[PDB]
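The next block holds one structure in the form of structure tokens; read it before the comments.
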Amino acid sequence: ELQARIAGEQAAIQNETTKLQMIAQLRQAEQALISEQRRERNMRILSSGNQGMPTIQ
Amino acid sequence: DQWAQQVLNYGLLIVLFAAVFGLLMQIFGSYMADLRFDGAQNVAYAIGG
């Protein structure tokens, strides 16, 4: 019974390892998404579809 | 005669520059005061103006 308990404990540590891998992937995805938002803002400022300009009055 | 001519020269200079420079610089100031880097104004249009 103690051997099977220790085996279950190893399985739990395995699960934590998988969870940490998943957290690292999510971290990378979040950084990529922040970069995408930055580039969306940049595109919106510099878009050639803009039609406005200051008016002389 | 020469002193008077130079006085007239620089007086006319100061008059012309006062008037025209004030007008032009006020126009430029207003135009730049309207400039914005929002998503609604063309950056090329604004910088070119």
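Ordering of the structure tokens sets the chain letters (A, B, ...); residue numbers start at 1 within each chain; ligands are numbered from 1 in the order shown.
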
Kindly provide, as a short mmCIF file (atom, residue, chain, number, x, y, z; two decimals) with N, CA and C atoms, in the first residue's frame, the residues of chain B having any atom no farther than 6 Å from an atom of chain A, counting only C-alpha atoms.
data_model
loop_
_atom_site.label_atom_id
_atom_site.label_comp_id
_atom_site.auth_asym_id
_atom_site.auth_seq_id
_atom_site.Cartn_x
_atom_site.Cartn_y
_atom_site.Cartn_z
N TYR B 31 -2.80 75.64 -36.81
CA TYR B 31 -2.77 74.37 -37.52
C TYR B 31 -2.12 73.29 -36.67
N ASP B 34 -4.24 72.00 -33.83
CA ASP B 34 -5.27 71.03 -34.21
C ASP B 34 -4.71 69.63 -34.45
N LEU B 35 -3.40 69.49 -34.64
CA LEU B 35 -2.81 68.21 -35.01
C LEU B 35 -2.93 67.19 -33.88
N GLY B 39 -6.69 57.99 -34.20
CA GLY B 39 -6.96 57.14 -35.33
C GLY B 39 -7.75 57.78 -36.44
N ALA B 40 -8.10 59.06 -36.29
CA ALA B 40 -9.00 59.72 -37.22
C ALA B 40 -8.30 60.67 -38.19
N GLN B 41 -7.07 61.06 -37.93
CA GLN B 41 -6.33 61.94 -38.82
C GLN B 41 -5.24 61.18 -39.53
N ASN B 42 -5.04 61.50 -40.80
CA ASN B 42 -3.96 60.91 -41.57
C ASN B 42 -2.65 61.54 -41.15
N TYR B 45 -1.01 63.38 -44.08
CA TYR B 45 -1.66 64.66 -44.37
C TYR B 45 -1.23 65.73 -43.38
N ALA B 46 -1.21 65.39 -42.10
CA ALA B 46 -0.88 66.37 -41.07
C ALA B 46 0.57 66.83 -41.18
#

Per DSSP on the backbone, what are the alpha helix (DSSP H) residues of chain A, as an NGL selection string? :A and (2-46)
